[PDB]
Every structure is written in C-alpha cells, then in structure tokens.
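Lettering follows sequence order; numbering is per chain, from 1. In what follows, every heavy atom counts, from backbone to side chain, and hydrogens, waters and symmetry copies are set aside.
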Amino acid sequence: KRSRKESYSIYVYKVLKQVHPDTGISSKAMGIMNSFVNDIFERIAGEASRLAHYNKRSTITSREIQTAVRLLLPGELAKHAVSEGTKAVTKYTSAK
Amino acid sequence: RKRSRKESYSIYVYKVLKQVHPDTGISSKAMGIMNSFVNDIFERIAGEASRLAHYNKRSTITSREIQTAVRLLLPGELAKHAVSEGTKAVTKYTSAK
Amino acid sequence: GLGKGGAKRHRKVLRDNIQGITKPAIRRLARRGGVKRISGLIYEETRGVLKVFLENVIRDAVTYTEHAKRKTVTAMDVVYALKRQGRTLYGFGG
Amino acid sequence: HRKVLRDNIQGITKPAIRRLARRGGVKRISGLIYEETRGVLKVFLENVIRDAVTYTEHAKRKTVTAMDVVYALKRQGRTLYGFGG
Amino acid sequence: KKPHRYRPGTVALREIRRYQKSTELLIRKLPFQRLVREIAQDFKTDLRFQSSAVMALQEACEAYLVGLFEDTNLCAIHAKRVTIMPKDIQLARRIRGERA
Amino acid sequence: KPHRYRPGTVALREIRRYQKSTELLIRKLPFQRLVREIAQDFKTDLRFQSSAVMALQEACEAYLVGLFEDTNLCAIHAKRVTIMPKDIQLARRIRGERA
Amino acid sequence: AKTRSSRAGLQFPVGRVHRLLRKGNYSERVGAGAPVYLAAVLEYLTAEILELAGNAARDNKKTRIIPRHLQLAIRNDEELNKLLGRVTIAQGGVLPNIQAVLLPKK
Amino acid sequence: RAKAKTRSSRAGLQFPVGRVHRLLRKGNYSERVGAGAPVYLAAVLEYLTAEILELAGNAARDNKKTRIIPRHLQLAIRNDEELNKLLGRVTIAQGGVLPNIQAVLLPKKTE
Ligand SMILES: [Ca+2]
Ligand SMILES: [Ca+2]
Ligand SMILES: [Ca+2]
Ligand SMILES: [Ca+2]
Ligand SMILES: [Ca+2]
Ligand SMILES: [Ca+2]
Ligand SMILES: [Ca+2]
Ligand SMILES: [Ca+2]
Ligand SMILES: [Ca+2]
Ligand SMILES: [Cl-]
Ligand SMILES: [Cl-]
Ligand SMILES: [Cl-]
Ligand SMILES: [Cl-]
Ligand SMILES: [K+]
C-alpha cells in the first residue's frame, strides 16, 4: 500500500525482449533507462512547447514533435527517429 | 490595421531609470538589451517556479515558488535584495487588499 | 518538375566567400581577445571553426523558419537558435 | 580531531584522489594536487548541496532525498541517471 | 638617419588596446553577409534574410570568436608561448566540450 | 632481490585497472561525513536518504574524473606528464567554472 | 484487440504519453498525433541503446545488462554520446583510454 | 463601481503586475497562478533592472555621456561579480569586452 510510482520499466522490458529475447537487466540499469526516457521526453516536449509558443499556436502537434526531434537529435539519429515517428502516426491513423 | 502592436518593458525601464539616474537616458539598442534581460530572467524564474510546483505535485505557482526560484537563480547579494523587494511588495499589496 | 534551382526565380547563387573572412579581420578579432602574436596557421583554422559555428546556428535558425512556413529568416529565428546552442544573445528581440 | 571531524574534507585521502586521477588517465601527480582537489570537491558539493537543501526546505521536509539531489544536479548542468530522474 | 620603426609587439599591444576599447564589428559586413547566405543554401534554397538576422548572426560569431581567442591565448601562455597556434584553439574547444 | 617496477609502470597499471571498473573510489563513510558537514552550513539537524548520499557521491566522482581528463590534457599541452594545480585552474577557467 | 499503442505499432504507452503531455504544462492543447510520434521516438532510442548494451552484455558473457554495458553502448556510439554528452551514468565508469605520450616507447 | 487602481500601484511598483500575471497564465508554467506570484516576480524584475541601470548609469557618467549604450551595460555587468555570474552565458550585442591584457605580454620592465 505504498506510493504508486509510475515508470517506463515494463515498456523498457518489452522493448528489450524484442531486440534481445534472452537477455535481462539489473535494477540500476533499469533505473538509468528510466532516467533516459524521462530526460528525452522532457527535452522534446520542452522544445515542442517552445516551437508552438514562438508560433502563437495553442496546440502541440506531431509536427512540433518532429521539428523538436530535428533540433534535438544528432543527424543520423534524427533521420531514423523522424522515420519511426512518421511511420507510427501513418500506421495509427490508417488503422482506424 | 496601422501596424500590429508589439509590447515591451521599455516604459517601465525608463521609469526605473529616472528613479535611479534622473538625468540619464538610454539608447534604442541599450533599451533592446534591457528588454532582452527582463524576458530572460522572467523565463528563468517562471520556469524554475514551474518546476518547483511540478516536483511538489502542485497546480499553483505562488509567491513561495517565486521566492525559492529566486534563491536558486540569483547569486547571493542580488538574491537577498530580491527576496527583500518581493517580500515588501506582496506584503504591501496584500495590506492594500 | 520544370526548372531546378531556377524553378524558384531570379539569380541568387553564391560564391566561395569564406576567404572574405580575411587575415586582417581575423587578426582584429584576436586583438579584441587579447592575443599579441599569431601563428600563420591560425587564419585557415579560424575559418574552419567560424564555418562550423555558422552551420550549426544557421541550420537551427532555418529549421525554425521552415516550421513557421516562411521563406525569410528572422532575427528571432537566429535568436532562438543561439539560445538553443547555449549562446543567448541580447538586443535582437526575445 | 577537528582535522577530520570538522574538516572531514581530509577524509578525502591521497590514495582516493589518485584513484580518481587514474580513472581520468593521469600518470604522474604533483603533491600540491591533493589540496587543490579538496578545494574543488568542496566547492562542487557546496553548490550541489545548497540547491538540494533549498529543494528540501521548499518541500517542508527535514530529510534530503535522492530527487532533491537529482534536481539540484540538473539545475547545475550535471544531469544524473540512475537515482530516480 | 634611419626611418622610424616600432619593435615587433609594440603595435600589436596598441591594437589590442584599440579593439578592447571599441565595440564595432570587426569582420566586413558584405563578405560576412554572402558567407551567411552561402552556408544557408546547404539547408534551404532561395532564402531571404531580415537584415537584423544577419546582424544578429555577425554579433554572435564575433563574440564567440573573441571569447575563443581569449581561451586560446590562455592555452598558449600555459605552454610558455606568447604565440597562439592551432593546438591552442583545439585544446580550448576540447575543454569547452565543443569537440571530442 | 631488488625487483622493482620503474616509476610510472605501476601508475599505468593503476590507470588500466580503474578505467576497467566502475566502483566508487572514495570511501563511503568519510564522504558521507563530508556531505553532512557541508549540509550543516545551510540547515541544521538535516537527515539524508542513503540513495541521496550515493547520488552525491556518484556525481562528485564523475565530476572529478572528468576534470582530471581535462587537467591531464592541460599538463600534456605544456609538455609535461605531471598534473599540477595550474592545470586544474586552466581546465576550470576554460570550462567557465571559475573566472 | 486494439489499444492506442497497438494501432501505432508500439510498445511504449501512447495514452500515458498523451496524459503526460497534457498535464505537463507544455501547451493548452495536444493533438492526437503528438503522443504517437513522441512515444515512437522514445521507443526507437530505447531500442538502440538496449540493442547495443545487450550486445555488450553478450560480449562479456553475461545475460543481464548492467550500467557498464549501457555506458559502453553509449560512449562508443558517436551520436548517442553527443545526445548524452552532459549526462552521468551512475556506475558506468569511463572508456579505456590512455594518452599516447604517456605510454612507454614500443 | 470604484475608480480603478493598478495592482502595481497597490504593490508600490513601477513594473506591470497585471501584465506579469497575464504572461504567467499564458506561458504554460502551471495550471493556476496565485495573486502574490506576479507581484513578487514584478518586484524582482524591477530590483534587477534598477541594479543594472544604477551601474550602467555610472559607466555612462564615467564616459562623459548622458545616455546609456550597450557598452555601458557591458562594462557594468562584467565588472560586477554578481551580474557577471547571472549573465555568464549571455552575449550583449555591441558590448565589447573588458580591457584586459595578460601580464606576460607586456614588455620588459614592469607596470
Ligand atoms: Ca541538430
Ligand atoms: Ca541614485
Ligand atoms: Ca531564458
Ligand atoms: Ca623560451
Ligand atoms: Ca576501494
Ligand atoms: Ca545509433
Ligand atoms: Ca557487437
Ligand atoms: Ca525596487
Ligand atoms: Ca538600487
Ligand atoms: Cl599547432
Ligand atoms: Cl602549479
Ligand atoms: Cl497531432
Ligand atoms: Cl500567491
Ligand atoms: K513549460
């Protein structure tokens, strides 16, 4: 009956199982993965928030996420990230 | 449709300039620098204040978050004066309802 | 599509202008920074570093320009880019 | 004595400062470095602890948490993964 | 009668004093403007620039370089030189984290 | 016999050893006592989560190791192999930690 | 068999991300694509680091990733290293690296 | 209806309390803003503004000028330990640098 503290750890596990099904992760390693997701969430959302504000928009859309991603990630990482983000939105809106 | 309005802190900068140095004025560019400065420290304070309230599971930015933000952002002597001036203003404001 | 770089119109193609960052100008910059004596290797090295600096600020500035759907880079675009790169500038807006 | 018990700073031993320098690839070490490092470590902890404790007071707590330190490290441009970010 | 001639360093020190008292941009404006336009072509064709955006850029470059030369001057002096060299610039940028 | 490594050889062995491992290099209790001392100048009768003291230790050690790398480069830049206080000073001035 | 994440083809929680954007003081409103895209990017980066760190764990005959494997992954990748250039990974150490002037002759 | 007093005037301030309140609400900082917050923040911005203008004014006077320019702001800031720290990562257009020549570069003989 303690706090109820959310984290990305179940999702980190799921991704780990996709990419390396027979490997596991220490709890400190999971903590660092958790730290990482929060850090990059914040960086991206913060830049997106700024992009919208600079442009007098009230809405953060996937286009603000994408520009935020181009500003924030290094070249190759950003091409792939953009590509995975797009693909996910395309796949999401077509689905239903 | 003259030419849409652009806010600035320059009337207030001028007023404070007259309190501090009655016979001194200020160039357009210098004014531009003062405007930049005010918006910069606004964002820094408000952002740290935003963070304080978020870490503490609060929806409201109060004078207390402004104060802690100021203590984190400003170096010693500036911070003491700023805390003093913001304490005076709130107190005054509150007593004048 | 017909027209390539001249699809969009009227002659704005660029030179090799890095050499317009001259030795004397580089020496004035170093002077303001207190430097008294200068190896002959410094001039071409500074051009490199200047270029890298501008590539990075301009890339971000132009990103802000494309996001706003404009074709004109603004002082604010640059200002926002400079802030991002931890090189905050005062006197041009923001 | 008050050499370690109110300059606990001396508990940062010469051997420990060399180990740190070794992990930083340092081969040889001037004898004046151990005092210099102690000054530097203290300034660093002063700055970080000041901010953490400010987070602690604002939360009306008497116990400094890992999150206080993490937030403090982040303000100082010194982001840390693994302690609850 | 020899012509007048200052010894090496004397005019350098004079120039240091001169430019440290002034604030005027030290790179010539047109060449810098072309340089900016040329670099931006790599990211997007047929861009216009506000004049103030170009001035912003020049202000930020010059301040960046004056700052780096300060650090570079320190790196030369640390190695008991008075002459700044590429390895000085390289050390300062590496310590700054600009470079690996 | 006098079997003896030359000056420098054990240093390099130590470098290889500490670069391979990830354990904290400052002893824990002395570090912890330092934290509590420094903290008292800001507020009395403060308590500390253990993970807080560990977070502080991790950050400090990471800081010092990274500062020793830059210091090493500054010594080498001056054609030495021996880090000196003026090397730390120069690293810190260029990093903008000090004026 | 639908959940926002499944539609999008993702492991990361689109709904959670959506909620975090909305309550995070970023903007008045958040469009429906934003959290899909954002959760996609977070998963992509998470996958890269875990692919590499999983490899580093294998290379050292271990079945579990530990902070060192994460550190080895990140610091030997030129672009992850830049993205995380002002980040300290607790219990990660540093990369083996000794300046050449310090090595003995041959 | 009473005749209206600015929140600034009740606070004893030159800086716009009401504008600051508005900028806090519309800046995406929190869901709600307390009545004290913009009063406090407005005061702090006034104090810091006053402090820079005090010192730049002195720099202007020292230069035999009536008007502050960007250089006076730069001279003020950089010569002040505390402002220099606050604005340590900030670039002041047309400000220049502080006169500073490293001792080793001055010629043989001293001071
Ligand atoms: Ca980029
Ligand atoms: Ca006065
Ligand atoms: Ca700011
Ligand atoms: Ca000599
Ligand atoms: Ca040990
Ligand atoms: Ca990669
Ligand atoms: Ca491999
Ligand atoms: Ca005041
Ligand atoms: Ca005053
Ligand atoms: Cl060289
Ligand atoms: Cl020394
Ligand atoms: Cl959207
Ligand atoms: Cl309030
Ligand atoms: K925000």
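B/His54 meets the ring pair (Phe, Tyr, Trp, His ring centres under 6.0 Å) test with no other residue; sequence neighbours excluded. Evaluation of the side-chain hydrogen bond (donor to acceptor under 3.5 Å, both in side chains) rule for H/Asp80 yields no partner, not counting sequence neighbours. Judged as a side chain to side chain contact (heavy atoms under 4.5 Å, CB included), and not counting sequence neighbours, the contacts of D/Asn47 are D/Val43, D/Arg50, D/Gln76. Annotation: salt bridge (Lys or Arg N to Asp or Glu O under 4.0 Å) contacts of G/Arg19 (sequence neighbours excluded): A/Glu6. Every residue two or more places apart in sequence or in another chain that forms a side chain to side chain contact (heavy atoms under 4.5 Å, CB included) with F/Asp70 is listed here: E/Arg94, E/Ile95, F/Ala91, F/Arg95. Scanning for side chain to side chain contact (heavy atoms under 4.5 Å, CB included) contacts around A/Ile40 gives A/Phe36, A/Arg43, A/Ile44, D/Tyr81, G/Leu42, G/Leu45, G/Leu83, G/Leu84, with sequence neighbours left out. H/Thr91 pairs by the side-chain hydrogen bond (donor to acceptor under 3.5 Å, both in side chains) definition with nothing, not counting sequence neighbours.
To the nearest 0.5 Å, atom CD of residue F/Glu69 and atom CG of residue F/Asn72 are 9.0 Å apart. To the nearest 0.5 angstrom, F/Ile88 atom CD1 is 5.5 Å from D/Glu36 atom CD. Taking CZ of F/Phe31 as the start and CD1 of D/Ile9 as the end, the distance is 9.5 Å to the nearest 0.5 Å. To the nearest 0.5 Å, the span separating CZ on H/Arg89 from CG on B/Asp40 amounts to 13.5 Å. Here the CD1 atom belonging to B/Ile61 is positioned 6.5 Å from the CG atom belonging to H/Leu24, to the nearest 0.5 angstrom. Between atom CG of residue G/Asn81 and atom CD of residue G/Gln71 there is a gap of 8.5 Å, rounded to the nearest 0.5 Å.
Looking at every heavy atom in both residues, G/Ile89 comes nearest to G/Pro67 through CG2-O, 4.2 Å. Between H/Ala43 and B/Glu85 the shortest heavy-atom distance is CB-O, 3.7 Å. Heavy-atom minimum distance, D/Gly85 versus A/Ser35: N-OG, 3.6 Å. Closest non-hydrogen pair, H/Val17 versus H/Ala42, comes out as CG2-CB, 4.1 Å.
Residues D/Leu45 and F/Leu34 have side chains in contact (heavy-atom distance under 4.5 Å, counting atoms from C-beta outward). A 4.5 Å side-chain heavy-atom check between D/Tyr55 and B/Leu52 finds at least one atom pair inside the cut-off. Side-chain contact between A/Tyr8 and G/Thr46 is absent, with no heavy-atom pair separated by less than 4.5 Å.
Under the 3.5 Å distance criterion, the side-chain polar atoms of B/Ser84 are left unmatched by any main-chain donor or acceptor of B/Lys80. Counting only distance, with no hydrogens or angles, the side chain of B/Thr60 and the backbone of H/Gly34 share no donor-acceptor pair below 3.5 Å. For B/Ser63 (side chain) and H/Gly36 (main-chain N/O), no donor-acceptor pair under 3.5 Å exists by modelled atom type. Between the side chain of G/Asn25 and the backbone N or O of H/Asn28, no donor-acceptor pair lies under 3.5 Å. Using modelled atom types, no side-chain atom of C/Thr88 and backbone atom of H/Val90 make a donor-acceptor pair closer than 3.5 Å.
Atom CD of G/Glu78 has 12 or fewer neighbouring heavy atoms from other residues, nucleotides or ligands inside a 6.0 Å radius.
Each salt bridge (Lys or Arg N to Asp or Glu O under 4.0 Å) pair with one or both residues in residues 76-86 of chain C, not counting sequence neighbours, appears once here: A/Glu47-C/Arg84, B/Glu43-C/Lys83, C/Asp60-C/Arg84, C/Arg70-C/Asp77. The salt bridge (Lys or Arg N to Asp or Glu O under 4.0 Å) contacts involving residues 24-41 of chain H comprise nothing, where partners must be two or more places apart or lie in separate chains. Judged as a ring pair (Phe, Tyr, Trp, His ring centres under 6.0 Å), the pairs with a partner in residues 62-89 of chain B (not counting sequence neighbours) are, in order, B/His81-H/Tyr47.
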From CA spacing to verdict: side-chain hydrogen bond (donor to acceptor under 3.5 Å, both in side chains), F/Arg36, F/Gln32: CA-CA 6 Å; F/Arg36 295 181 187 286; F/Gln32 187 176 130; 3.2 Å; yes
Verdict with supporting geometry, D/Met67 and D/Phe83, side chain to side chain contact (heavy atoms under 4.5 Å, CB included): CA-CA 7 Å; D/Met67 291 306 306; D/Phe83 289 90; over 6 Å; no
Test log, rule side chain to side chain contact (heavy atoms under 4.5 Å, CB included), inputs G/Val30 and G/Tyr26: CA-CA 9 Å; G/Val30 191; G/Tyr26 296 113; over 6 Å; no
Worked verdict on B/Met34 versus H/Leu53 for side chain to side chain contact (heavy atoms under 4.5 Å, CB included): CA-CA 9 Å; B/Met34 299 301 301; H/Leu53 293 166; 4.2 Å; yes
Chi angles and distances behind the side chain to side chain contact (heavy atoms under 4.5 Å, CB included) call for G/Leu38, G/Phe12: CA-CA 10 Å; G/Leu38 182 50; G/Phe12 271 51; over 6 Å; no
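Side-chain atoms of B/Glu65 and B/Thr62 form a donor-acceptor pair, as typed in the model, at a separation below 3.5 Å.
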Contacts under 3.5 angstrom, residues 46-66 of chain F side chains, donor-acceptor by atom type, not counting sequence neighbours:
unit_1	atom_1	unit_2	atom_2	d
F/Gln49	OE1	D/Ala66	N	2.9
F/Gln57	NE2	F/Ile26	O	2.9
F/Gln57	NE2	F/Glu61	OE2	2.9
F/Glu58	OE1	G/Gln91	N	3.0
F/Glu58	OE2	G/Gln91	NE2	2.9
F/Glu61	OE1	F/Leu25	N	2.9
F/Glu61	OE2	F/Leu25	N	3.4
F/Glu61	OE2	F/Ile26	N	3.0
F/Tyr63	OH	F/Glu97	OE1	2.4

Result block: side-chain N/O donor-acceptor pairs under 3.5 angstrom for residues 67-78 of chain B, not counting sequence neighbours:
unit_1	atom_1	unit_2	atom_2	d
B/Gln67	NE2	H/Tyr40	OH	2.5
B/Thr68	OG1	B/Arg64	O	3.3
B/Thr68	OG1	D/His58	ND1	2.6

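A salt bridge is absent between D/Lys62 and D/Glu57: the closest approach of a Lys/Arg side-chain nitrogen to an acidic carboxylate oxygen does not fall below 4.0 angstrom.
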